[PDB]
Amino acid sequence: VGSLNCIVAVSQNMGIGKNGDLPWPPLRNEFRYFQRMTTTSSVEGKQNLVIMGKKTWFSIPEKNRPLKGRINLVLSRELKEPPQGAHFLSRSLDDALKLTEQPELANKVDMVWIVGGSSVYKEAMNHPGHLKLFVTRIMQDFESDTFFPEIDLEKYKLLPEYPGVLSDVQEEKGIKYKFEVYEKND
């Protein structure tokens, strides 16, 4: 099993969600970036795994789930089996990370990508170890009911460049945004 990473898009006011959807109008190319980064494995014969909370799973349009070309794992303590279309269900983040190391998935899983929401991000971000955050900075305020946790810059270093990640300002639907990659190792 390869690297552990979080990926998020976030507004200036740290918003990630509103009413079970994104706070901003759909950004097609941002979604294409998310798909590209999470799907692409750097190892032959292997697949990346995505971990998400229950509400995140149901926020994804049915036509886009499961997230194609990746193993889809949902976190829930209420569910008794994986949701329709999903591949796996775990009851904690630790339990999910162990499952990747079982004979089942040990040699099929390359990268692990936590794709939301807040509580999964928080726990991952504050757990000791090697972790990268792929953060899309939406450069406006958007009314939100769900927020990204604090990035501690004492631990997380913003990388000055990263292969496959554009460094200039993007714009869709009159909304500017930029891609960032952070790395910690503790």
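Only the largest set of C-alpha atoms that superpose within 1.5 Å between the two forms is called the rigid core. Counting begins at 1, following the sequence as shown.
Once the rigid core is used to overlay the structures in 7 other deposited structures of this protein, the stretch among 98 to 106 and 70 to 78 whose CA atoms lie farther from this form is 98 to 106.
Between the stretches 64 to 72 and 129 to 137, it is 64 to 72 that shows the larger average CA temperature factor. Comparing 83 to 91 with 98 to 106, the stretch with the higher mean C-alpha B-factor in the PDB entry is 98 to 106. Among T40, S144, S59, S118, the highest C-alpha B-factor in the deposited entry belongs to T40. The PDB entry assigns its highest CA temperature factor, among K155, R32, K55, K122, to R32.
Per-chain ranking of the deposited C-alpha B factor places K18 in the lowest third. Looking at the C-alpha B-factors along this chain, the one for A9 belongs to the lowest third. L49: CA B factor lies in the middle third for its chain, per the PDB record. In the PDB entry, a CA B factor belonging to the lowest third of its chain's modelled residues is recorded for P149.
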